[PDB]
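Chemist: Let me give you the structure first, and then I'll get to my questions.
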Amino acid sequence: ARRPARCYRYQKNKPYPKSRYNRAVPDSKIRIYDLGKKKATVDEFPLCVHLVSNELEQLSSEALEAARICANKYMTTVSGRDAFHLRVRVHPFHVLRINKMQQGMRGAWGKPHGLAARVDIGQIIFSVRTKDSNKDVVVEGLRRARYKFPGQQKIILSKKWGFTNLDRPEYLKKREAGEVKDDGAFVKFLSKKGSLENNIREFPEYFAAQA
Amino acid sequence: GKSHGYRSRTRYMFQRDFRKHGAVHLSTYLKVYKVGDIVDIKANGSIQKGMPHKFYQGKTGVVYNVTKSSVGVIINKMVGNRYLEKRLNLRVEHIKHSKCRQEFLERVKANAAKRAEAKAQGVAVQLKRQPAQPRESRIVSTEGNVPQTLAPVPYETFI
Amino acid sequence: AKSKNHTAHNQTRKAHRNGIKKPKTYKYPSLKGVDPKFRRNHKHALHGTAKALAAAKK
Amino acid sequence: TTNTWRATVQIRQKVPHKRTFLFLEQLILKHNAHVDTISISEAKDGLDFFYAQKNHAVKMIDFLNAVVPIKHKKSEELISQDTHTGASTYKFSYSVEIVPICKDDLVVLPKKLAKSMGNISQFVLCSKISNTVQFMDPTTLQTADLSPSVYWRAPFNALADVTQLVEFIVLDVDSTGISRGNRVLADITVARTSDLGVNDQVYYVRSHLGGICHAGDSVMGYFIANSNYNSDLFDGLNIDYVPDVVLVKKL
Amino acid sequence: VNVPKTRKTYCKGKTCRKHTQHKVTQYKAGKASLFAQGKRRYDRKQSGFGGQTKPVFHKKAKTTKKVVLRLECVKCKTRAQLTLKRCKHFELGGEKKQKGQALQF
RNA sequence: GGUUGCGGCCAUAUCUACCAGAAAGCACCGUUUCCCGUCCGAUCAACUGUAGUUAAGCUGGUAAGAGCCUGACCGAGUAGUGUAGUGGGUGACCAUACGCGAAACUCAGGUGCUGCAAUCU
RNA sequence: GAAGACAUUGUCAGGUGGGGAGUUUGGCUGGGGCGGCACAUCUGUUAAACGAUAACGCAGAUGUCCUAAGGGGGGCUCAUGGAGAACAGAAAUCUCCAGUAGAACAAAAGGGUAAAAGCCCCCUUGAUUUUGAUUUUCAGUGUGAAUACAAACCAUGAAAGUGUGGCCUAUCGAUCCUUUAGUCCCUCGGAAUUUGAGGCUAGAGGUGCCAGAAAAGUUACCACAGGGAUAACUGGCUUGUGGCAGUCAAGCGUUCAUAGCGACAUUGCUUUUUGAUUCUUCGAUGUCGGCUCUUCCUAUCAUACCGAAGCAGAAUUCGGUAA
RNA sequence: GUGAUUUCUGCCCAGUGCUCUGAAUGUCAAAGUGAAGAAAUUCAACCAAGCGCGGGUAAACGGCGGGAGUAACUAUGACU
RNA sequence: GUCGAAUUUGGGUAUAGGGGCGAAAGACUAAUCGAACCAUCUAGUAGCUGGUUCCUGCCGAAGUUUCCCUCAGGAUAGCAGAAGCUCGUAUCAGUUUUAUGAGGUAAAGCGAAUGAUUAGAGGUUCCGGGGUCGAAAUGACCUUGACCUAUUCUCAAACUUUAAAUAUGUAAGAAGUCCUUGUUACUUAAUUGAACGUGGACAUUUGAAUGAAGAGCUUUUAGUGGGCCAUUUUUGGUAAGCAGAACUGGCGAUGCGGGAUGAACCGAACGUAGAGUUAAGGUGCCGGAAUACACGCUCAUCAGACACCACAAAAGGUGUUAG
Ligand SMILES: [K+]
Ligand SMILES: [Mg+2]
Ligand SMILES: [Mg+2]
Ligand SMILES: [Mg+2]
Ligand SMILES: [Mg+2]
Ligand SMILES: [Mg+2]
Ligand SMILES: [Mg+2]
Ligand SMILES: [Mg+2]
Ligand SMILES: [Mg+2]
Ligand SMILES: [Mg+2]
Ligand SMILES: [Mg+2]
Ligand SMILES: [Mg+2]
Ligand SMILES: [Mg+2]
Ligand SMILES: [Mg+2]
Ligand SMILES: [Mg+2]
Ligand SMILES: [Mg+2]
Ligand SMILES: [Mg+2]
Ligand SMILES: [Mg+2]
Ligand SMILES: [Mg+2]
Ligand SMILES: [Mg+2]
Ligand SMILES: [Mg+2]
Ligand SMILES: [Mg+2]
């Protein structure tokens with residue numbers, strides 16, 4: 001079934017998603033995108049690590065599948081299965097075609113082959129949030145996943161708290177007051193606009209000035 | 001096969017804008033058109049009668065004829081290696097006055113005022129427009145405004 | 001064999017050898033395609049003004 | 001290497017509404033000549049069958065020759081031509097055409113054709129649509145057959161199709177006599193469904209539908225009085241020997 | 001389609017020149033007739049040895065004729081023709097569309 | 001300034017929830033002989049300004065309201081893009097030079113204006 | 001002798017007649033054939049924000065249907081959700097609140113529309129007559145389709161107004177011949193009357209190969225003019241497929257990732273396979289195999305010397321220098 | 001047409017041919033006959049062979065299938 | 001092979017070209033046969049191949065539009081020449097500015113409609129179904145999906161509120177502006193307007209920039225209607241010295257210097273000579289020109305060495321150099 005991945009490497013054709021014109025397409029190889037303790041609060045896992053791309057390329061679905069298993073298998077055995085939260089930030093929507101076969105070129109439009117992603121320079125692929133002490137396992141976990149993909153990518157330690165869009169000291173300023181409350185997986189913040197009645201329903205620790 | 005109908009490739013061109021559907025406002029109908037007036041052609045999609053062909057969307061021309069609920073516009077279309085004089089029949093919904101010519105007639109009244117006032121004042125006119133000239137010298141003070149020193153910043157990631 | 005179907009290559013180059021020239025305006029355009037009710041009056045207007053100037057400069 | 005299947009059967013039919021293809025699709029399943037195909041694709045006026053071996057596709061055409069009127073021909077495409085023998089590697093295509101006259105159509109026959117096959121009238125219904133096509137004359141019960149070889153050499157088309165039928169309501173049936181095999185020649189008195197409610201008008205017509213016709217039954221048929229055809233065969237008729245109303249079937 | 005029997009339309013018969021009642025009927029052929037100059041010329045050329053001289057049309061594609069309607073002013077009996085679009089069916093009389101009937105039988 | 005009739009531009013005029021409205025005007029509101037219309041004087045028609053009301057409609061105000069609108073030493077001279085080189089890079093792509101230059105996001109402010117005619121403690 | 005107004009012979013008319021004659025046996029096309037129609041048309045996209053734009057590109061439609069589904073006027077609000085009402089339930093009919101269109105508008109798709117262009121009522125033939133101008137495709141020819149007026153005659157509405165078919169973008173056809181309506185007008189040429197025929201102006205009968213021949217096969221017995229504009233074979237470009245080599249390491253190997261093996265993945269080399277292509281050759285480069293004979297390549301089967309092993313010896317297994 | 005001798009040469013007349021001491025009112029040219037008309041003409045009836053209908057013919061061209069059953073655990077398919 | 005006959009053979013005689021003869025091969029019929037030979041009709045026709053005869057001077061193309069039993073061809077428009085004619089600072093321009101329109105691509109967006117899509121948290125059950133306690137309940141106690149609330153991960157050639165750059169229409173005055181009061185069957189309640197005028201006022205700062213080997217006009221006729229390459233945009237295809245488009249530049253029709261060599265790359269476009277100067281590219285020797293100068297980096301038991309271009313990757317190295 002599979003051709004070599006070198007053929008469907010570069011972004012040549014326009015985006016060709018599954019719709020009412022394409023209709024009949026095969027299922028994605030990757031299925032579940034979140035792994036580890038995904039019912040964990042925001043306060044548990046501060047230290048964030050990314051796996052950022054550095055090329056304008058196409059990662060296939062089954063390339064992500066093996067990369068997702070390999071990183072999981074190492075990090076589970078070493079540090080235990082509930083010491084992290086892995087998230088895949090790339091979904092394959094682009095359908096690839098194949099000219100599987102009146103004549104050679106006398107009428108030639110390709111059948112659907114398989115799915116793929118479209119990654120850009122500076123785009124994040126993988127993301128892991130963990131404890132402070134358990135850094136080395138996460139960096140070495142994403143090392144082996146780097147081999148399964150084509151092209152060049154680099155691991156980066158983030159300055160932000162977890163998956164939040166807030167810096168290390170910035171999150172502490174707001175959480176020490178009553179300006180943040182936990183949602184479930186992510187988190188909700190106070191806003192200075194809105195109705196003042198239902199701004200007091202939530203955030204009852206704020207509107208006090210004491211502790 | 002191929003397809004070249006009267007309204008081919010006009011999906012977005014006779015669309016009605018966002019939150020501007022329904023009946024047209026009445027100043028459209030009260031605007032008076034004489035012969036010799038310059039007019040722009042923009043096709044209202046809600047009215048089907050007296051509609052221009054897609055080519056003439058955007059084009060501008062002169063009025064030559066006035067009738068009951070329409071006007072006669074004359075446009076120059078280029079074809080091959082020459083221009084042909086083409087005569088349209090549009091309803092007033094697909095038309096409006098060109099504001100470029102409105103601006104021009106104001107400048108002629110202004111020139112009549114300048115030349116009449118110049119003779120009463122005492123010679124020297126100068127009425128043509130001049131383009132944007134190169135600017136003159138000056139002395140910029142540093143009082144309460146001393147130059148702040150900048151330099152190129154180092155590289156950081158933040159991702 | 002198969003041909004080449006279509007192209008617009010060279011066609012602008014050809015067109016600009018001789019102009020792309022304008023169609024020359026005149027004083028008095030043709031009343032071809034003008035309202036018949038307007039023209040049927042305009043005839044009798046110009047007949048009277050000539051007869052007025054002829055009677056004035058008689 | 002592109003040329004995978006290595007024999008094709010391109011079946012087709014010139015009619016917009018195909019009864020005979022829908023019949024054929026049902027008939028093929030019963031005896032079950034399909035299995036050897038790699039795959040099936042479709043096209044406007046029929047569908048394509050693809051076979052690995054050449055001898056698998058010939059059994060199908062022999063089977064089709066048995067149950068339906070056809071015309072066909074084969075042509076071939078070359079690929080390799082290996083200089084070591086036993087493998088030149090040709091690829092074959094069989095182009096089959098079903099006869100376009102469906103089971104219940106109204107037909108005008110050609111004059112010479114009509115004189116030969118029993119001296120039957122030119123204005124006829126179809127009967128059975130088997131291996132060969134057979135016609136029936138609704139008024140003076142009669143039958144006549146037409147083989148594909150005799151059809152294709154001088155082809156004609158149906159006057160009006162199943163999509164031209166109109167609903168009538170039967171009031172009485174007066175039997176006259178003959179019954180070769182169907183209790184036939186019933187002088188059916190009928191009135192139109194759009195006419196029964198409003199307006200007074202009645203049509204009275206001899207018909208083959210004698211054994212199964214009862215008063216108050218809705219029957220379908222061709223109503224020839226308001227139809228402007230454009231057939232030259234029909235143009236060569238007797239604008240007055242032609243029946244006003246013909247009823248195709250009960251229901 | 002289904003036109004009515006009567007029609008009030010413009011007659012142009014000298015005394016009329018106005019809207020009047022017209023009886024509507026369907027236009028019909030008119031018989032072939034020999035002694036027409038074409039038929040006379042055809043039969044001359046066709047005689048002798050040579051066989052078929054003129055072409056003979058076969059490849060016909062159209063399935064429906066255009067309808068023509070003979071009108072006739074009841075005041076002066078002066079006829080006029082009027083053509084309709086192509087159609088597989090055609091009649092003229094009653095058979096009007098009702099309020100909103102469902103299917104029966 | 002308030003209200004009425006006819007408007008122009010068509011949310012700064014809409015939406016949700018509470019509050020106030022002297023004077024006159026709107027309004028609800030009373031009646032079924034007549035013209036008229038309905039399954040029904042509910043709507044529509046006629047008659048009375050009489051028996052009564054600001055409870056609704058309508059006009060204004062409030063809300064760290066939703067929407068909508070204008071801006072900004074907000075983001076961003078970022079994304080993109082026209083032109084140039086015997087520039088880099090195995091490639092994918094990327095820097096530089098001469099120019100043009102967004103949108104989301106962020107912050108601040110606003111919440112109908114106005115024409116003609118009539119009429120009002 | 002027989003036969004006899006019958007045969008026979010002559011002219012015309014019907015039947016039979018590959019025994020014989022003459023002719024024909026579409027086009028596009030990743031060679032030709034089969035199929036398809038990209039041959040006349042319409043919507044979205046390809047199409048790179050004026051217009052124009054190709055491929056046997058992609059997703060679909062057309063040869064119809066309609067005296068109302070056409071024209072004018074009046075009344076009214078839809079899809080859906082919520083809350084109620086004996087039989088009655090997820091779905092019957094009735095009531096109220098929400099409801100920017102999430103419905104409907106003959107059919108493909110795209111636009112358009114809310115005191116309507118939707119649903120229900122009243123009245124109607126402007127889907128009429130006379131001919132010119134203009135837009136689209138374009139040679140600024142025809143055909144089809146459409147736009148605005150004019151001169152009549154009408155429809156509807158209290159009225160302003162609206163209406164020359166279907167809300168808009170598709171739904172169709174020359175010369176010759178036949179035939180119909182009109183003028184009931186012109187001509188039949190030595191002069192008349194009546195039949196008949198021929199004209200002038202406007203429609204219909206049709207060419208879907210849609211600017212429009214009247215048309216079956218076969219050649220392995222073949223022929224001519226040409227063509228590398230075009231196939232069957234070497235060579236060239238490419239390397240999907242075939243062949244050969246890496247990287248990573250979940251597992252196998254009693255025990256042990258890597259002695260020897262190795263999944264999911266991913267990076268290459270080769271032209272000893274086969275495709276794709278049509279650049280060279282059709283005034284000819286002799287098209288399979290075997291026999292014979294020389295040389296070159298190494299990705300090493302054996303032979304020389306070595307290194308590993310789950311190598312005690314023997315026998316093997318993996319690798320290096322080497323053609 | 002088949003191709004010495006030996007021994008055999010099955011079933012099929014629906015199709016295409018060939019045929020016929022068969023049916024008769026279905027189709028049917030020219031000339032001739034009748035009516036309408038001033039006449040040219042038009043319309044009707046009448047009507048040869050052939051065609052069609054019915055029978056014969058395979059050492060004439062040719063063809064010799066398809067779907068179901070039940071008997072011996074099965075099978076074969078004698079049988080329906 | 002056959003050799004006493006269906007044997008072999010001389011002379012005479014008969015059969016003649018759509019005809020003869022044939023124990024049948026399309027055999028033979030005077031070296032000629034799937035239709036002999038000779039003369040004439042005949043210089044038969046060819047959209048097809050080959051050829052087409054002196055010198056210099058000036059100008060100088062096309063492979064594209066529409067229609068054709070059209071696709072190896074024509075007609076038509078285009079590009080080219082020639083002859084001129086009417087006038088003479090002309091009005092124009094493959095250009096910018098100022099003012100003003102038109103557009104739905106790139107980008108962006110989805111806690112905005114449409115469609116796709118990962119995760120939890122809060123709820124809602126008379127209502128898609130199971131279990132736990134049950135005589136049943138429009139019951140509770142657990143549960144997995146459906147919708148509801150505020151969140152969150154990621155997308156769209158045939159989705160979108162917003163929305164560039166480049167390309168694109170018009171205007172920048174004498175054929176103009178203002179005043180005065182004439183014509184009319186059109187138009188208005190109305191000499192009100194409408195259109196075209198009489199008479200008067202306003203001139204070279206007359207109404208942005210730059211340019212202008214003149215501007216405008218007519219007739220007639222050739223060749224051409226196989227194209228190909230390059231940057232950028234691009235659809236088909238795994239790719240191709242592959243197939244098909246978009247804007248510009250080239251080759252074809254073109255030498256000269258450079259890239260060793262080459263239709264298209266860089267430079268630069270040609271009358272015959274002299275002198276000077278440079279382009280692109282170079283200056284160890286071949287070879288005209290510094291074995292110049294300066295700071296560094298590499299040692300290869302396959303070093304490396306100048307765009308288009310004549311290839312190299314993933315992965316590794318206490319090799320050495322900086323961080
Ligand atoms: K010759
Ligand atoms: Mg060409
Ligand atoms: Mg061909
Ligand atoms: Mg465009
Ligand atoms: Mg309508
Ligand atoms: Mg042979
Ligand atoms: Mg070639
Ligand atoms: Mg080529
Ligand atoms: Mg040789
Ligand atoms: Mg070696
Ligand atoms: Mg024999
Ligand atoms: Mg032979
Ligand atoms: Mg011989
Ligand atoms: Mg000659
Ligand atoms: Mg020159
Ligand atoms: Mg502006
Ligand atoms: Mg878009
Ligand atoms: Mg578009
Ligand atoms: Mg050159
Ligand atoms: Mg050179
Ligand atoms: Mg070189
Ligand atoms: Mg090396």
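Residues in the structure tokens are numbered from 1 in each chain, the chains being A, B, ... in the order shown, and ligands are numbered from 1 in the order shown.
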Can you list, as a list in words, every protein, DNA or RNA residue that comes within 8 Å of residue 101 in chain D when you count only C-alpha atoms (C1' of nucleotides), leaving out same-chain residues fewer than 4 positions away?
Modeler: residues 105, 157 and 158 of chain D
Chemist: Fewer than 6 positions away in the same chain doesn't count, so skip those; otherwise give me all residues within 10 Å of range 22-32 of chain D, counting only C-alpha atoms (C1' of nucleotides), as a ChimeraX atom specification.
Modeler: /D:60,63-64,67-68,103 /H:66-67
Chemist: Quick one: everything within 12 Å of residue 13 in chain F, counting only C-alpha atoms (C1' of nucleotides), minus sequence neighbours fewer than 5 positions away in the same chain. Send it as a list in words.
Modeler: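 Everything that qualifies: residues 68, 69, 111, 112 and 113 of chain F.
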Chemist: Excluding residue 140 in chain G and residues on its chain fewer than 4 positions from it, collect all residues at most 12 Å away from it, counting only C-alpha atoms (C1' of nucleotides), and give them as a VMD selection string.
Modeler: (chain B and resid 77 to 80 82 to 86) or (chain G and resid 135 to 136) or (chain I and resid 66 77)
Chemist: Which residues sit within 10 Å of ligand 18, counting only C-alpha atoms (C1' of nucleotides) and all ligand atoms, listed as a PyMOL selection string?
Modeler: (chain B and resi 9-12) or (chain G and resi 44-47+49) or (chain I and resi 104-105+157-158)
Chemist: Export N, CA, C and O atoms (P, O5', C5', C4', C3', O3' and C1' of nucleotides) of the chosen residues as a PDB file, in the first residue's frame?
Modeler:
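The new file selection-v6.pdb reads:
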```
ATOM      1  N   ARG B   9     -18.836  33.502 -13.693  1.00  0.00           N
ATOM      2  CA  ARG B   9     -17.763  34.059 -12.852  1.00  0.00           C
ATOM      3  C   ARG B   9     -18.167  35.311 -12.045  1.00  0.00           C
ATOM      4  O   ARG B   9     -17.307  36.129 -11.704  1.00  0.00           O
ATOM      5  N   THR B  10     -19.457  35.448 -11.732  1.00  0.00           N
ATOM      6  CA  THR B  10     -19.977  36.597 -10.979  1.00  0.00           C
ATOM      7  C   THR B  10     -20.624  36.140  -9.665  1.00  0.00           C
ATOM      8  O   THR B  10     -21.756  36.526  -9.347  1.00  0.00           O
ATOM      9  N   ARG B  11     -19.897  35.319  -8.906  1.00  0.00           N
ATOM     10  CA  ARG B  11     -20.382  34.817  -7.617  1.00  0.00           C
ATOM     11  C   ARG B  11     -20.352  35.925  -6.567  1.00  0.00           C
ATOM     12  O   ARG B  11     -21.355  36.170  -5.893  1.00  0.00           O
ATOM     13  N   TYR B  12     -19.203  36.586  -6.438  1.00  0.00           N
ATOM     14  CA  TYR B  12     -19.002  37.640  -5.435  1.00  0.00           C
ATOM     15  C   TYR B  12     -19.262  39.058  -5.939  1.00  0.00           C
ATOM     16  O   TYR B  12     -19.328  39.992  -5.136  1.00  0.00           O
TER      17      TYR B  12
ATOM     18  P     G G  44     -20.954  30.887 -11.808  1.00  0.00           P
ATOM     19  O5'   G G  44     -20.254  29.835 -10.840  1.00  0.00           O
ATOM     20  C5'   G G  44     -20.586  29.813  -9.444  1.00  0.00           C
ATOM     21  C4'   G G  44     -19.913  28.655  -8.752  1.00  0.00           C
ATOM     22  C3'   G G  44     -18.395  28.647  -8.763  1.00  0.00           C
ATOM     23  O3'   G G  44     -17.809  29.580  -7.862  1.00  0.00           O
ATOM     24  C1'   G G  44     -19.197  26.471  -9.196  1.00  0.00           C
ATOM     25  P     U G  45     -16.450  30.336  -8.259  1.00  0.00           P
ATOM     26  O5'   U G  45     -15.398  29.146  -8.385  1.00  0.00           O
ATOM     27  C5'   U G  45     -14.870  28.504  -7.211  1.00  0.00           C
ATOM     28  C4'   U G  45     -13.966  27.351  -7.586  1.00  0.00           C
ATOM     29  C3'   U G  45     -12.684  27.695  -8.328  1.00  0.00           C
ATOM     30  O3'   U G  45     -11.659  28.168  -7.460  1.00  0.00           O
ATOM     31  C1'   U G  45     -13.691  25.787  -9.302  1.00  0.00           C
ATOM     32  P     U G  46     -10.398  28.955  -8.060  1.00  0.00           P
ATOM     33  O5'   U G  46      -9.727  27.887  -9.035  1.00  0.00           O
ATOM     34  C5'   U G  46      -8.892  26.825  -8.535  1.00  0.00           C
ATOM     35  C4'   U G  46      -8.353  25.990  -9.673  1.00  0.00           C
ATOM     36  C3'   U G  46      -7.394  26.706 -10.605  1.00  0.00           C
ATOM     37  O3'   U G  46      -6.113  26.827  -9.997  1.00  0.00           O
ATOM     38  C1'   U G  46      -8.898  25.370 -11.864  1.00  0.00           C
ATOM     39  P     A G  47      -5.131  28.021 -10.416  1.00  0.00           P
ATOM     40  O5'   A G  47      -6.044  29.317 -10.297  1.00  0.00           O
ATOM     41  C5'   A G  47      -5.483  30.618 -10.539  1.00  0.00           C
ATOM     42  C4'   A G  47      -6.545  31.576 -11.020  1.00  0.00           C
ATOM     43  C3'   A G  47      -7.919  31.460 -10.359  1.00  0.00           C
ATOM     44  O3'   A G  47      -8.425  32.762 -10.063  1.00  0.00           O
ATOM     45  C1'   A G  47      -8.138  31.217 -12.702  1.00  0.00           C
ATOM     46  P     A G  49      -4.368  38.170  -8.942  1.00  0.00           P
ATOM     47  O5'   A G  49      -5.697  38.595  -8.167  1.00  0.00           O
ATOM     48  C5'   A G  49      -6.934  37.879  -8.346  1.00  0.00           C
ATOM     49  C4'   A G  49      -8.114  38.694  -7.862  1.00  0.00           C
ATOM     50  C3'   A G  49      -8.283  40.088  -8.456  1.00  0.00           C
ATOM     51  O3'   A G  49      -8.849  40.103  -9.766  1.00  0.00           O
ATOM     52  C1'   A G  49      -8.591  40.203  -6.121  1.00  0.00           C
TER      53        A G  49
ATOM     54  P     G I 104     -14.656  40.032  -7.021  1.00  0.00           P
ATOM     55  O5'   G I 104     -14.027  39.137  -5.863  1.00  0.00           O
ATOM     56  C5'   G I 104     -13.048  38.120  -6.157  1.00  0.00           C
ATOM     57  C4'   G I 104     -12.179  37.852  -4.949  1.00  0.00           C
ATOM     58  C3'   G I 104     -12.786  36.956  -3.874  1.00  0.00           C
ATOM     59  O3'   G I 104     -11.813  36.067  -3.332  1.00  0.00           O
ATOM     60  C1'   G I 104     -12.333  39.103  -2.969  1.00  0.00           C
ATOM     61  P     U I 105     -11.521  34.652  -4.037  1.00  0.00           P
ATOM     62  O5'   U I 105      -9.983  34.763  -4.444  1.00  0.00           O
ATOM     63  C5'   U I 105      -8.937  34.383  -3.526  1.00  0.00           C
ATOM     64  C4'   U I 105      -7.574  34.578  -4.151  1.00  0.00           C
ATOM     65  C3'   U I 105      -6.412  34.598  -3.169  1.00  0.00           C
ATOM     66  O3'   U I 105      -5.956  33.270  -2.917  1.00  0.00           O
ATOM     67  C1'   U I 105      -6.288  36.500  -4.562  1.00  0.00           C
ATOM     68  P     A I 157      -8.097  27.176   1.253  1.00  0.00           P
ATOM     69  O5'   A I 157      -8.152  26.950  -0.325  1.00  0.00           O
ATOM     70  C5'   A I 157      -8.897  25.858  -0.907  1.00  0.00           C
ATOM     71  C4'   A I 157      -9.315  26.191  -2.321  1.00  0.00           C
ATOM     72  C3'   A I 157     -10.763  25.863  -2.677  1.00  0.00           C
ATOM     73  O3'   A I 157     -11.585  27.002  -2.421  1.00  0.00           O
ATOM     74  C1'   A I 157      -9.272  25.090  -4.383  1.00  0.00           C
ATOM     75  P     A I 158     -12.675  26.998  -1.239  1.00  0.00           P
ATOM     76  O5'   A I 158     -13.999  26.500  -1.968  1.00  0.00           O
ATOM     77  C5'   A I 158     -14.708  27.352  -2.886  1.00  0.00           C
ATOM     78  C4'   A I 158     -15.518  26.520  -3.851  1.00  0.00           C
ATOM     79  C3'   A I 158     -16.462  25.497  -3.230  1.00  0.00           C
ATOM     80  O3'   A I 158     -17.671  26.127  -2.788  1.00  0.00           O
ATOM     81  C1'   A I 158     -15.272  24.513  -5.039  1.00  0.00           C
TER      82        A I 158
END
```
Chemist: As a VMD selection string, please: the residues near residue 58 in chain F (cut-off 12 Å, only C-alpha atoms (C1' of nucleotides), same-chain neighbours under 3 positions excluded).
Modeler: chain F and resid 3 to 4 21 25 to 28 54
Chemist: Neighbours of residue 41 in chain F within 10 Å (only C-alpha atoms (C1' of nucleotides); same-chain residues fewer than 4 positions away dropped), as a PDB file with N, CA, C and O atoms (P, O5', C5', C4', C3', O3' and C1' of nucleotides), in the first residue's frame?
Modeler:
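Below is the file that was written, selection05.pdb:
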```pdb
ATOM      1  P     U F  32     -73.682  47.700  21.342  1.00  0.00           P
ATOM      2  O5'   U F  32     -73.750  48.092  19.797  1.00  0.00           O
ATOM      3  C5'   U F  32     -74.943  48.653  19.203  1.00  0.00           C
ATOM      4  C4'   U F  32     -74.842  48.681  17.690  1.00  0.00           C
ATOM      5  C3'   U F  32     -75.101  47.355  16.973  1.00  0.00           C
ATOM      6  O3'   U F  32     -75.822  47.551  15.760  1.00  0.00           O
ATOM      7  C1'   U F  32     -73.004  48.192  16.315  1.00  0.00           C
ATOM      8  P     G F  37     -67.505  43.604   1.806  1.00  0.00           P
ATOM      9  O5'   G F  37     -66.697  43.067   3.069  1.00  0.00           O
ATOM     10  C5'   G F  37     -65.257  43.093   3.107  1.00  0.00           C
ATOM     11  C4'   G F  37     -64.758  42.461   4.385  1.00  0.00           C
ATOM     12  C3'   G F  37     -65.228  41.038   4.634  1.00  0.00           C
ATOM     13  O3'   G F  37     -64.389  40.143   3.912  1.00  0.00           O
ATOM     14  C1'   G F  37     -65.469  42.328   6.616  1.00  0.00           C
ATOM     15  P     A F  45     -60.086  50.217   9.489  1.00  0.00           P
ATOM     16  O5'   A F  45     -61.601  50.020   9.036  1.00  0.00           O
ATOM     17  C5'   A F  45     -61.973  50.082   7.645  1.00  0.00           C
ATOM     18  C4'   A F  45     -63.477  50.090   7.485  1.00  0.00           C
ATOM     19  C3'   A F  45     -64.243  51.136   8.287  1.00  0.00           C
ATOM     20  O3'   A F  45     -64.205  52.395   7.623  1.00  0.00           O
ATOM     21  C1'   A F  45     -65.287  49.047   8.562  1.00  0.00           C
TER      22        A F  45
END
```
Chemist: Distance limit 8 Å, reference ligand 19, atoms considered: only C-alpha atoms (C1' of nucleotides) and all ligand atoms. Which residues make the cut? Give them as an NGL selection string.
Modeler: :I and (250-251 or 254 or 269)
Chemist: Please identify every polymer residue within 10 Å of ligand 3, using only C-alpha atoms (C1' of nucleotides) and all ligand atoms, and present the set as a ChimeraX atom specification.
Modeler: /C:1 /G:26-29,32 /I:71
Chemist: When you look at range 54-69 of chain E with a cut-off of 8 Å (counting only C-alpha atoms (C1' of nucleotides)), what residues show up, excluding the ones that are within fewer than 3 positions of it in the same chain? I need them as an NGL selection string.
Modeler: (:D and (228-231)) or (:E and (24-27 or 81-88)) or (:G and (63 or 204 or 206-208 or 214))
Chemist: May I have the residues of chain E within 6 Å of chain G, counting only C-alpha atoms (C1' of nucleotides), written as a VMD selection string?
Modeler: chain E and resid 3 9 to 10 18 30 55 to 56 80
Chemist: In Å, rounded to a single decimal, give me how far CA of residue 3 in chain D is from CA of residue 33 in chain D.
Modeler: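 These atoms are spaced 23.9 Å apart.
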Chemist: Could you please tell me, as a ChimeraX atom specification, which residues of chain F have an atom within 8 Å of chain A when using only C-alpha atoms (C1' of nucleotides)?
Modeler: /F:63-65,92-93
Chemist: For the selection just defined, write its residues with C-alpha atoms (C1' of nucleotides) to a file, as a PDB file, in the first residue's frame.
Modeler:
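File written: out.pdb
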```pdb
ATOM      1  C1'   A F  63     -26.069  48.511  33.864  1.00  0.00           C
ATOM      2  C1'   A F  64     -17.225  47.784  35.844  1.00  0.00           C
ATOM      3  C1'   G F  65     -24.507  44.533  30.486  1.00  0.00           C
ATOM      4  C1'   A F  92      13.300  22.547   1.256  1.00  0.00           C
ATOM      5  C1'   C F  93      13.686  27.375   1.846  1.00  0.00           C
TER       6        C F  93
END
```
